[PDB]
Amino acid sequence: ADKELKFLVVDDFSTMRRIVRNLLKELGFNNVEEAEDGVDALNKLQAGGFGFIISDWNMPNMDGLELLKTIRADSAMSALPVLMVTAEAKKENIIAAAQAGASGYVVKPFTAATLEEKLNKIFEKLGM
């Protein structure tokens, strides 16, 4: 996948956003912007050019699942890759992510190596 792919990292916790942004940088992905919830995310997505979303599951105003469904049902970004992050792997949340079209699913905290594995699985599936 292109090194200049523009990521949006979504989480209401600034530290986690920084951590994910830093892991992305570690993998060579420098084009990264942040959003603090689903609403803020959708607002920033309007600037256009975004090629990948990483979103936390629980956020105020609009959570991760709500954001994911909105993106998937949106005319312009329905095919955007979306990696969902949760605090715990549960059958219910995994199946909820599957039904909504999550491109990937990962439990935090995760290493750069894990992030890389998840991104690569998504790139492969999408032919990126």
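One-based numbering along the sequence shown. Only the largest set of C-alpha atoms that superpose within 1.5 Å between the two forms is called the rigid core.
Rigid core superposition, C-alpha RMS per stretch in 8 other deposited structures of this protein: which comes out larger, 30 to 38 or 89 to 97? Output: 89 to 97, the stretch lying farther off on average in 8 other deposited structures of this protein.
Averaging C-alpha B-factors over each stretch, which comes out higher, 43 to 51 or 62 to 70? Taking the mean C-alpha B-factor of 43 to 51 and of 62 to 70, the larger value falls to 43 to 51.
In terms of the chain's CA B-factor thirds, is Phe13 lowest, middle or highest? Its C-alpha B-factor, which the entry lists for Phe13, ranks in the highest third among residues of this chain.
Comparing against every modelled residue in the chain, figure out the third that the C-alpha B-factor of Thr86 lands in (lowest, middle or highest). Middle third, going by the recorded CA B-factors of the chain.
Divide the modelled residues of the chain into thirds by Cα B-factor and specify which third, lowest, middle or highest, holds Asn93. Highest third, going by the recorded CA B-factors of the chain.
Taking the C-alpha B-factors as the PDB entry records them, is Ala79 in the lowest, middle or highest third of its chain? Tercile = middle for this residue's CA B-factor.
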